[PDB]
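Notes follow once the structure below has been shown.
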Amino acid sequence: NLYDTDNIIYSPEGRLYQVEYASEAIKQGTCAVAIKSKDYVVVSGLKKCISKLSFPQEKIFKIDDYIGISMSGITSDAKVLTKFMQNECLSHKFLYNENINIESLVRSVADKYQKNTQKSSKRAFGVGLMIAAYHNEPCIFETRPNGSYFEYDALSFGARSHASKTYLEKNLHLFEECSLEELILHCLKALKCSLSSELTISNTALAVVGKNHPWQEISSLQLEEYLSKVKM
Amino acid sequence: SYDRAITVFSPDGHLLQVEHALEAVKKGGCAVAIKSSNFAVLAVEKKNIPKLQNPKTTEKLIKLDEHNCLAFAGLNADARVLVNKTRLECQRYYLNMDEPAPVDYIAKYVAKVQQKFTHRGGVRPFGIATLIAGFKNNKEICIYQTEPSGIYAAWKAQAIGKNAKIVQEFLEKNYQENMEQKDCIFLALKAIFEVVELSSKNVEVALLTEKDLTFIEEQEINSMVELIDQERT
Amino acid sequence: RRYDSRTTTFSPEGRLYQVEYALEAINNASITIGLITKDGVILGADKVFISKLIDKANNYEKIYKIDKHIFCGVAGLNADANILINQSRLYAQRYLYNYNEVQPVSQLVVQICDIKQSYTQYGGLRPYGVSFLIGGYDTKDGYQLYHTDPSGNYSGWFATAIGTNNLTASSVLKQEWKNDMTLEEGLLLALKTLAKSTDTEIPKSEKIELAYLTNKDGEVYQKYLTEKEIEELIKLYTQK
Amino acid sequence: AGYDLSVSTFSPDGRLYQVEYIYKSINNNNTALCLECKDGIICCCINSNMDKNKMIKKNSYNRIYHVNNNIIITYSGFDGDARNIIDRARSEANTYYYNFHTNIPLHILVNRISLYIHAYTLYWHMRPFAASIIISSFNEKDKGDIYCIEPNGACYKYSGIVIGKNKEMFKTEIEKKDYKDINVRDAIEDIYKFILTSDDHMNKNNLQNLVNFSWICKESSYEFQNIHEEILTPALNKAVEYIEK
Amino acid sequence: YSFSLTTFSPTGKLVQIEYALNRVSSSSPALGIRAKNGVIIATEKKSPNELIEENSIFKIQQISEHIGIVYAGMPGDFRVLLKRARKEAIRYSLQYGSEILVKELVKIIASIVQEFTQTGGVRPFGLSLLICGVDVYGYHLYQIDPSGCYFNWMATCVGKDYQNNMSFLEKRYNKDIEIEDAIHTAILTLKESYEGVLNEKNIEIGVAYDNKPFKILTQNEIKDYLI
Amino acid sequence: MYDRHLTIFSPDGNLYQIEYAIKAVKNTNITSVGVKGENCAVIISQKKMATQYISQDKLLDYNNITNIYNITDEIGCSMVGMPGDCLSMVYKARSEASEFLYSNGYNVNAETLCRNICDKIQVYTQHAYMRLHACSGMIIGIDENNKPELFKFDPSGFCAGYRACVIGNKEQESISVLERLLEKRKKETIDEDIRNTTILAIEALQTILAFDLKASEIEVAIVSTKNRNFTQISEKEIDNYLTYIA
Amino acid sequence: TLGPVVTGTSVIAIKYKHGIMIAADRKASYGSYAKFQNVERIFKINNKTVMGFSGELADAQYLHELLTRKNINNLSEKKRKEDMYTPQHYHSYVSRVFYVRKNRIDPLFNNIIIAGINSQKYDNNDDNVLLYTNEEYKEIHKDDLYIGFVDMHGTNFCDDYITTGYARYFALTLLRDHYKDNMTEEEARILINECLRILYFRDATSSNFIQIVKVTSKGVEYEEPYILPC
Amino acid sequence: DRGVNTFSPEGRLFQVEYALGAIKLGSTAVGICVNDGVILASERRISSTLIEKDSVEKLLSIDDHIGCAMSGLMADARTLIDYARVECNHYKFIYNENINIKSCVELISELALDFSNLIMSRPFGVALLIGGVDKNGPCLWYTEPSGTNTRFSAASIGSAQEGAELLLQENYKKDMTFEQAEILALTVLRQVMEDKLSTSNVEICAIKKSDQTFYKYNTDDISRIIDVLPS
């Protein structure tokens with residue numbers, strides 16, 4: 004009613020409305036889905052296309068060898084956080100000559116979220132990230148506008164995430180102990196279910214990161230082959 | 002407040018403070034500028050209380066630099082502040098370039114500062130509309146006009162202040178290129194008097210050339226105003 | 003943010019609504035006069051009466067001096083008046099320090115109006131509700147007289163009145179003032195204007211204060227009339 | 006009537022509503038309890054709200070942290086604020102060790118954290134921390150100490166405490182008997198029975214993937230240590246079997 | 006975040022200064038008199054219960070060895086202003102090596118009050134200072150105000166019913182009044198304004214005796230004067 | 008509008024925030040009594056939880072609760088108000104005492120400490136962005152002249168000395184009791204005076220609160236020339252004195 | 002900071018089967034005075050990590066404080082035994098610190114040795130760490159052991175054996191001439207004893223009261239000080 | 009009534025929405041990209057005849073190989089262009105090669121969003144069409160106040176941009192030649208524009224792959240292109 008004018012005012016029930024609106028903005032974005040198995044983590048998303056004369060916008064991003072993220076929400080905040088994480092990883096490798104601990108990086112980004120939401124005159128980032136990596140083990144993490152992060156084994160963001168989440172919970176017990184090809188196939192199934202009007206090599210983004218497998222997006226040829234495989 | 006946004010977008014997409022500054026500009030005195038060949042004419046209205054006010058105190062038409070000159074309409078204190086800023090910038094340019102500041106550069110700087118005072122928090126927009134006349138780096142005469150919003154434009158003949166639209170319409174149908182100095186002064190006087198009471202004490206016109214800015218003598222102004230009054234009737 | 007006062011913000015018609023209220027307050031203060039003659043400049047004023055126990059000796063509440071050649075009179079809030087007077091003295095002495103010469107009056111008025119404009123534009127601080135009448139003398143321009151206001155606007159004048167009932171005083175000045183006048187005639191005119199604006203047929207020696215600046219013998223000096231001098235002056239006025 | 010829009014404004018009745026709203030928010034978050042026994046102290050946290058999410062790894066969401074490996078610190082509220090306060094506690098311990106080459110005494114750390122929390126409830130621009138914190142420790146000589154700091158910035162010492170959802174029922178259960186004479190190892194059964202009874206969202210399958218456990222006792226040489234499965238599972242199974250009957 | 010909480014209203018009037026003046030008008034009265042060879046500042050403290058000690062609360066202070074001060078308003082504001090006045094006098098003495106002139110110190114304090122009225126995020130002082138002193142330029146008695154404007158008085162009163170007290174004081178006053186007569190007149194005015202019964206521990210007085218240090222009369226002296 | 012949301016004068020000259028802070032201090036309904044004699048000063052309070060959202064539980068160490076602290080070995084204090092405010096105030100008092108000792112070479116006097124704390128409270132009242140600390144307090148000590156001194160301060164920053172004072176609710180009705188007891192006293200060994208002052212303080216608190224004052228429910232401390240340190244008496248002697256009163 | 006006053010003599014670290022062995026004399030000379038004859042010059046950062054010392058004592062103590070608190074911070078946010086920093090991590094950290102101090106022209110008059118095991122597949126000690134209070151040794155591949163040197167100017171490197179101070183001439187020669195691969199503990203101790211005896215005979219700042227520490231699959235072991243047989 | 013960075017119930021910043029609404033007015037501009045290069049054209053809304061027509065320019069050059077076309081608030085557009093060229097020259101100083109168009113638009117969007125603390136004070140309220148050529152190829156990008164930038168093959172901005180983009184959709188086809196692109200762009204601009212097209216009524220610029228240098232068509236080139244314009 005009148006407790007949503009600032010991000011520092013607790014409502015009578017004890018809720019911050021600005022952070023909730025940031026979460027709403029995150030939900031309003033496009034789709035995405037991440038899955039992991041014994042080895043390899045597969046991330047997939049729908050690159051938004053605004054018109055037939057517009058190439059679809061980049062969706063997935065690479066932060067460092069074996070580390071990649073997907074975005075949902077405000078693009079500017081996604082860019083800011085991506086720059087922050089890339090600089091953190093590069094500095095860690097520069098002054099320690101080793102890969103950065105992914106959990107520490109997620110802690111750092113969540114702490115940035117917290118700092119931004121705490122002080123007045125500043126707004127909470129209206130973007131949600133989907134961290135996927137292999138630091139001696141496949142890991143998937145999710146962040147939120149309020150300083151908070153969780154670690155998943157199957158995740159979806161925004162858009163019509165209900166269908167993808169239903170599919171993921173329906174087939175979760177098969178993800179473990181399945182080859183990379185079937186992992187990619189299942190991720191594509193989940194994305195297509197969320198699509199609700203077809204998947205093409207142009208409007209879909211796919212990436213894999215696993216053991217002895219640095220983060221690399223799937224090229225056009227293999228992506229089209231997998232799309233044909235799922236189509237049949 | 003201190004370091005907090007004051008000029009913000011309205012629901013329709015308008016900067017209300019900027020429009021209020023434009024309204025204030027529309028409140029002030031009138032001014033007119035003409036150019037031709039290698040010289041310009043600047044005219045501005047005057048308004049003083051007889052027998053009490055000292056005419057010399059008014060500084061509506063001013064010289065920024067050896068060559069450039071300026072006229073304005075709107076708030077006077079802001080006019081003085083911006084004029085001091087512009088003179089400091091002219092001398093800084095002359096230090097760092099060892100060349101007199103061209104009219105285009107100073108017009109760009111005036112637009113830049115007016116825009117800056119519209120986009121930073123804790124300061125309200127500059128409520129003045131100015132017009133500068135000078136010579137380009139290639140010894141070519143040009144006059145620019147700058148508004149509170151920061152939008153600038155070069156003109157061949159222009160008018161600002163109260164009833165600026167009417168004087169603009171008058172100029173649009175009489176301006177001619179490479180006119181004589183007497184003809185230019187006559188046109189400038191006619192334009193300023195179109196929307197101003199007829200008297201030799203309500204105008205202070207000046208002429209800009211490469212040599213220097215020369216203020217027209219009162220006797221010549223009296224003769225000119227008498228002639229235009231005779232023609233009008 | 004919720005308690006912000008909206009001070010340095012343009013009005014729907016471009017007036018800021020704060021310089022307006024400051025000027026309105028100015029119009030309620032005591033009246034101040036200013037004249038320029040062939041022998042000096044006069045800043046006769048009217049003293050506001052609070053009680054009968056105020057020290058008559060010295061105690062000048064309207065006219066002050068900023069330098070040996072510059073002196074002004076106030077028509078507004080006394081606190082702002084005092085701090086602006088201090089700033090003016092600082093500015094004059096800084097100019098003398100820098101250039102080893104006395105500051106022309108125009109420079110000082112320009113500086114003080116610049117600080118008033120700065121207070122009117124930057125920050126969220128309220129403007130100064132004081133209007134002066136700076137008058138003095140210098141070689142470059144001779145006797146001069148100006149008139150400021152909260153907006154930082156200034157203008158030259160040969161004869162003026164500011165404050166409450168400034169309209170009637172200005173009318174009298176315009177009706178009677180002449181291009182050249184003796185210092186005595188100037189004082190008589192200032193006293194007449196003060197009496198008329200006060201709506202009193204005869205001014206009271208305890209209700210007014212006069213002063214004048216003159217360049218006698220090449221050394222500019224100011225004189226502030228004391229009760230006996232104003233008494234003799236009013237006796238002369240009544241005689242005429 | 007405008008007296009609850011800022012933490013820096015006192016109400017006509019002399020009361021900061023903006024802090025009572027924080028209290029109400031905290032009381033609705035996940036519940037955390039901690040108590041002391043002969044051998045040591047046990048801290049348990051119940052993440053009942055996350056039962057809807059079926060994609061979180063088993064026992065990955067942990068709300069129990071430690072400082073100096075011998076002081077247990079836990080919270081019940083916003084994750085970001087709790088993390089900020091934990092980092093401040095670590096920084097305070099670091100400064101203390103640098104200055105005096107010795108671990109910070111607990112009763113000083115609690116005071117410093119209480120001051121830090123309270124410092125955010127007397128300005129209008131800053132947002133007060135929405136979290137309730139518990140700090141506890143144990144040593145063979147001085148026995149267990151438990152302290153509870155709250156948004157208002159008040160620290161009090163307890164022999165057993167519960168915060169969050171259903172705190173009243175849990176407290177009623179805790180004061181049912183005296184735990185100063187029970188051993189740390191056999192107290193797990195009672196804790197499990199209490200969380201099963203009081204909370205109406207957790208069942209048999211929820212007990213091994215939503216409740217976090219830890220102790221500081223003599224078995225761990227009085228150092229922080231998460232309880233491993235081989236110990237937890239027998240007690241969990243026994244408790245569920247007892248409840249079922 | 007630093008904006009002016011005191012702003013001009015339609016017709017100005019600086020409402021906050023008016024409210025500060027109202028606060029001053031409701032506090033305990035305090036008056037002062039300038040005599041032929043000395044100045045007096047007197048005030049009345051409400052009859053204290055048996056638990057208070059008048060030695061702990063003092064409404065008469067001294068800034069220098071010759072300058073005394075009294076107030077009527079908020080005690081905390083008075084204390085802070087007193088500390089700053091002492092600091093100003095100390096720095097003046099450090100620079101010019103002498104006792105600070107009364108007019109100069111009044112100017113500094115008035116400037117401070119004005120700045121506090123102007124700056125953002127603050128509210129005006131809620132008292133009305135009253136400074137008496139002696140220097141090479143004779144005696145002086147000035148009054149500060151929340152607005153920051155000072156007045157040069159010969160005899161004045163501030164606080165509750167200050168108009169009636171001022172009228173009474175004017176009724177019986179002279180430019181050539183003796184110091185003892187001035188003390189007597191101050192006592193009479195305070196008694197008239199009190200509307201009760203006065204006695205030791207109910208009044209406080211300070212006097213500047215010619216070229217002698219400013220003195221705060223003790224209980225016995227005022228008791229003797231009361232008879 | 009907002010005439011009382013900040014430390015702003017409002018009409019008829021009233022800083023309502025001061026009154027609201029004082030009333031919040033009063034609402035804590037914790038009573039503290041201080042009384043000075045000769046070469047001895049006694050400060051007594053209740054060992055109970057304040058009044059707020061949280062209530063006292065069975066598993067609460069009642070010994071830990073206390074409303075009396077000490078700024079320095081010789082200078083003692085007793086705060087009453089919001090818990091966080093009380094902790095912040097005692098920490099500020101400790102800091103001021105320590106800085107005074109560092110910058111002057113000798114231990115601070117309780118009078119100067121009270122004045123400085125009042126100055127900080129005045130600074131808080133002056134500006135708008137600072138909330139008021141709703142915590143009143145008493146300070147006790149001995150000066151260089153080997154005499155006791157006791158002072159009181161409120162959220163308004165009004166520090167005042169006293170010879171017998173009370174913080175908490177029913178202060179107006181308690182001034183009468185304190186006056187009566189002091190008058191009865193006015194009608199002794201260096202240690203007998205200590206005992207008399209202690210019994211006077213205990214009796215005053217009993218009369219004001221109007222019940223037993225279980226020895227486990229009250230806490231008393233004393234500073235005297237015999238000791239000069241702010242040492243708080245143990246439970247056994249408090250119980251013995253209470254039995255004597257009966 | 003402005004020059005050594007109280008200094009250590011030298012340290013010798015060598016990797017052998019079952020881990021690494023590091024020895025140093027227990028003496029800190031105050032110029033040519035030998036004020037302190039019982040000083041611990043070999044510190045411990047964590048299990049599978051130790052720090053050497055040959056230089057000014059104050060700087061060594063400050064660096065020890067820094068490293069131990071870095072280890073505390075690492076533990077505070079630790080969740081799996083793989084999260085513990087390796088000797089390479091600490092070596093790079095100290096190298097960076099030394100480089101920064103050099104760039105500021107305020108070095109630490111020290112020559113540090115950081116030695117440990119950078120592999121976690123051999124023992125389960127780090128899964129339950131114990132800072133306060135405290149089977150058969152497992153053979154360790156030499157690739158899993160780490161020894162790193164750090165110089166005043168930040169120069170750093172890694173090798174199979176490192177020495178500082180005067181040990182860089184005598185003990186270094188002896189090791190290069192005789193050091194073997196996968197030598198049992200007895201042989202390594204014999205070699206270290208020969209090196210330290212040679213130093214004792216031809217080094218004024220040395221002494222025969224010796225501290226020997228071993229980093230192995232069982233953790234860090236401080237052997238009881240003994241006097242050189244001579 | 010609210011801060012510059014106050015979220016809405018739906019998750020959109022109010023100021024960003026108002027700026028996006030404001031950018032809907034101004035001179036119309038069109039841009040096209042083909043394998044041979046990129047072309048930009050502007051309405052050139054000339055005011056009264058007293059203007060020189062040279063001071064008012066709608067086609068600036070961020071760098072030798074990059075062209076731009078603004079719409080909305082002119083002063084904000086000039087500020088953004090100044091920052092863009094400063095950063096492009098900084099890139100050229102730091103790296104011998106020339107800045108890629110993608111990086112330039114990234115920096116411009118970063119500045120545009122700088123207003124939110126995470134200095135400036137409010138959204139810029141400008142919409143920019145950048146076009147250029149690099150080693151990667153010829154391409155053009157579109158930037159709006161919200162910060163989100165998008166690559167385009169044939170786009171339009173300014174008042175009536177809906178009609179211009181509709182026509183571009185109806186006509187633009189891949190594998191087009193540079194002359195075809197020029198004639199198509201001028202056809203669309205003429206169609207959407209109010210008055211009759213002429214030498215001084217519209218302005219054009221183009222960047223070629225072979226040249227890789229920004230080139231602004233003068234009166235002669237525009238006269239030639241209009242002469243061969245189908246009608």
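Protein chains in written order, with PDB author numbering: chain T, 4 to 199, 202 to 237; chain R, 2 to 234; chain Q, 3 to 242; chain U, 6 to 250; chain P, 6 to 232; chain O, 8 to 194, 199 to 257; chain b, 2 to 135, 149 to 244; chain S, 9 to 126, 134 to 246.
Cβ atoms here follow ideal geometry from the backbone N, Cα and C, with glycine treated the same way.
Cβ atoms of P:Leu135 and P:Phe83 stay farther apart than 8 angstroms, at about 11 angstroms.
Chain-order list of chain T residues neighbouring S:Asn106: empty, with the shortest C-beta distance near 22 angstroms, by a criterion of under 8 angstroms. For R:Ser37, the enclosing beta strand (DSSP E) begins and ends at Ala32 to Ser37.
According to the DSSP assignment, U:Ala159 belongs to no alpha helix (DSSP H), since it is labelled neither H nor E. For Q:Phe134, the closest alpha carbon among the candidates Q:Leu45, Q:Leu191, Q:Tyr121 and Q:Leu189 is that of Q:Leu45. In the structure shown, Q:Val132 falls within a coil segment according to DSSP collapsed to helix, strand and coil. Counting only runs that start and end inside the region 25 to 112 of chain b, the alpha helix (DSSP H) elements of at least 4 residues fall at 58 to 77 and 88 to 105. Under the three-state reduction of DSSP output, S:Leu155 falls in the strand class. Interface flag for R:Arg5 against chain P is set, since a Cβ pair is found closer than 9 angstroms.
For the region 164 to 190 of chain S, the residues whose beta carbon sits under 9 angstroms from a beta carbon of chain T are, in order, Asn164, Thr165, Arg166, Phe167, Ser168, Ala169, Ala170, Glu180, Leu183, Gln184 and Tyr187.
About 11 angstroms separates the Cβ atoms of Q:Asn84 and P:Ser152, ruling out a contact at the 8 angstroms cut-off. Contact residues of the region 121 to 132 of chain O toward chain P are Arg122, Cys125, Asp126, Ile128, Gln129, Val130 and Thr132 (C-beta to C-beta distance below 9 angstroms).
For R:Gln177, no CB of chain S lies under 9 angstroms from its own CB, so it is not counted at the interface with that chain.
Counting C-beta pairs with one atom in each stretch, the region 35 to 44 of chain P and the region 178 to 191 of chain P have three or more that are closer than 8 angstroms, which means they touch.
Nearest CB-CB separation between S:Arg10 and chain T: below the 9 angstroms threshold. Neighbourhood of b:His90 in chain T, by CB distance below 9 angstroms: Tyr99, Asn100 and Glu101, in chain order. The DSSP-derived three-state label of O:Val115 is coil.
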